[PDB]
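Following this message is one structure expressed as structure tokens.
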Amino acid sequence: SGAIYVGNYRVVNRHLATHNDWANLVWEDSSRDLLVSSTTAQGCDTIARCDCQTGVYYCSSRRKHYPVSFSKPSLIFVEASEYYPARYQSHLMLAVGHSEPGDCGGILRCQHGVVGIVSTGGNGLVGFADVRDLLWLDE
Ligand SMILES: COc1ccccc1CN1C[C@H](C(N)=O)CCC1=O
Ligand SMILES: [Zn+2]
């Protein structure tokens, strides 16, 4: 679990979105595993606007933060789960690191702010759904 709170927006993994997220829907993309909903309280997370390929992510299955090198956002093949059939997920970044399904939502951050959230894993890899291209999250 985990979300990003910026301005009047809440960003979560689309497969973990609640009934309230869907009832206050702003934008969703199944191919990215992202959903954005509106909030009444004002969020104060900072979104990174950069091309960093190093950062730190929170891994709830280890109660630890790990420094990682990650790839640029891209179309990567993601095996079937109970939430999606096997498909290509877009805007995905991989790193060598630990990730279990319950780790989705953990934030990846660089010196400029929030880069994205955990979305995939397995085989000693961890995938992050990038949010750096969503410039409207700041306006
Ligand atoms: C070993 O599987 C994982 C490990 C870490 C995280 C996620 C998975 C598999 N997964 C990824 C899905 C997706 N994003 O397409 C959403 C739900 C899910 O459970
Ligand atoms: Zn950065």
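Worth knowing before you read on, the calculation uses all heavy atoms, side chains too, and leaves out hydrogens, waters and symmetry mates. Numbers for residues simply follow the sequence, beginning at 1.
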Locate the shortest heavy-atom distance separating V68 from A95; write the atom from each residue and the value.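 Residues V68 and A95, closest heavy atoms: CB-CB, 3.9 Å.
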Any side-chain heavy atom of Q53 within less than 4.5 Å of one from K72?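 Of all side-chain heavy-atom pairs linking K72 with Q53, at least one is under 4.5 Å.
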Could you give the distance from CG (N24) to OG (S37), rounded to the nearest 0.5 Å?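 Reported value, rounded in 0.5 Å steps: 6.5 Å.
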Under the side-chain hydrogen bond (donor to acceptor under 3.5 Å, both in side chains) criterion, do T18 and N20 qualify, and how do the steps go? CA-CA 5 Å; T18 71; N20 185 87; 5.2 Å; no
Compare every heavy atom of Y9 with every heavy atom of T39, then report the nearest pair and how far apart it is.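 The answer is OG1-N, 3.9 Å.
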First locate atom OH of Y66, then atom NE2 of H98, and finally report the distance between them rounded to the nearest 0.5 Å.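 Going from OH on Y66 over to NE2 on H98, the span is 7.0 Å.
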Grab the two heavy atoms, one from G55 and one from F70, that are nearest each other, plus how far apart they are.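 Residues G55 and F70, closest heavy atoms: N-CE2, 3.7 Å.
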ILVMFWY network linking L134 to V26, side-chain heavy atoms under 4.5 angstrom: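 Yes, it is one cluster - the side chains of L134 and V26 are joined through contacts under 4.5 Å.
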Between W22 and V36, is there a shared hydrophobic cluster once you connect ILVMFWY residues whose side-chain heavy atoms come closer than 4.5 Å?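 In one cluster: no.
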Qualifying residues under side-chain contact (heavy atoms from CB on, under 4.5 Å), relative to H15, sequence neighbours excluded: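 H15: side-chain contact (heavy atoms from CB on, under 4.5 Å) contacts with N13, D33, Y83, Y84, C104.
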Just wondering, do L92 and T120 contact through their side chains at under 4.5 Å, heavy atoms?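 The answer is yes, as the side chains (C-beta and beyond) meet within the 4.5 Å cut-off.
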Nearest heavy-atom neighbours spanning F77 and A86: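 Nearest pair, atom of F77 first, then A86: CZ-CB, 3.6 Å.
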Decide yes or no for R10 and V12: does some side-chain heavy atom of the first lie under 4.5 Å from some side-chain heavy atom of the second?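 Sidechains of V12 and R10: in contact.
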Got a second to check how far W27's CH2 is from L35's CG, nearest 0.5 Å?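 If I round to the nearest 0.5 Å, the distance is 8.5 Å.
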Non-hydrogen side-chain atoms of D29 and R14 separated by less than 4.5 Å: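 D29 vs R14: side chains apart.
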Under the side-chain hydrogen bond (donor to acceptor under 3.5 Å, both in side chains) criterion, do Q89 and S31 qualify, and how do the steps go? CA-CA 5 Å; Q89 176 162 319; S31 92; over 6 Å; no
Mind checking the OG-CZ spacing from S71 to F128? Nearest 0.5 Å is all I need.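 Separation between the atoms: 9.5 Å.
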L137 reachable from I107 in the ILVMFWY side-chain graph, under 4.5 Å edges: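 They do share one cluster, since a chain of ILVMFWY contacts under 4.5 Å joins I107 to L137.
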Cluster question for you: counting only ILVMFWY and a side-chain heavy-atom cut-off of under 4.5 Å, with indirect links fine, are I117 and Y5 together?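 No, it is not one cluster - the side chains of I117 and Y5 are not joined through contacts under 4.5 Å.
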Close side-chain approach of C52 and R132, heavy atoms under 4.5 Å: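 They are in side-chain contact.
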For the backbone of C59 and the side chain of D103, can you confirm whether one donor and one acceptor N or O come within less than 3.5 Å of each other?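 Here the side-chain-to-backbone pair does not exist.
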Show your working on side-chain contact (heavy atoms from CB on, under 4.5 Å) between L75 and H91 and close with a plain yes or no. CA-CA 6 Å; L75 256 190; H91 299 271; over 6 Å; no
Rounded to the nearest 0.5 Å, how far apart are OG of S60 and CD of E100?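 So the OG of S60 and the CD of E100 are separated by 8.0 Å.
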Rounded distance [0.5 Å steps], OG in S90 versus CG in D130: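 So the gap between those two atoms works out to 10.0 Å.
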Tell me whether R32 is salt-bridged to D133, with the criterion being a basic N under 4.0 Å from an acidic carboxylate O.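 Looking at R32 and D133, the cut-off is met.
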I want to check something: taking the side chain as every heavy atom from C-beta on, are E28 and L34 in contact at a cut-off of under 4.5 Å?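 The answer is no, as the side chains (C-beta and beyond) never meet within the 4.5 Å cut-off.
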Is there side-chain contact between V131 and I4, with heavy atoms separated by less than 4.5 Å?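 Yes. Closest side-chain heavy atoms under 4.5 Å.
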Closest contact, heavy atoms only, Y58 versus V118: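 Nearest heavy atoms, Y58 then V118: O-CG2, 4.5 Å.
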Flag the pair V115 / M93 as yes when at least one side-chain heavy-atom distance between them is below 4.5 Å, and no otherwise.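 Yes, side chains in contact.
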Has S69 got a side-chain atom pairing as donor or acceptor with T54's backbone, closer than 3.5 angstrom?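 Side chain of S69 to backbone of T54, a donor-acceptor pair under 3.5 Å: no, none is there.
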Is the shortest side-chain N to carboxylate O distance from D138 to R49 below 4.0 Å?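 Salt bridge between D138 and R49, a charged N being under 4.0 Å from a carboxylate O: yes.
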NZ/NE/NH1/NH2 to OD/OE distance under 4.0 Å, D45 and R109: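 Salt bridge: yes.
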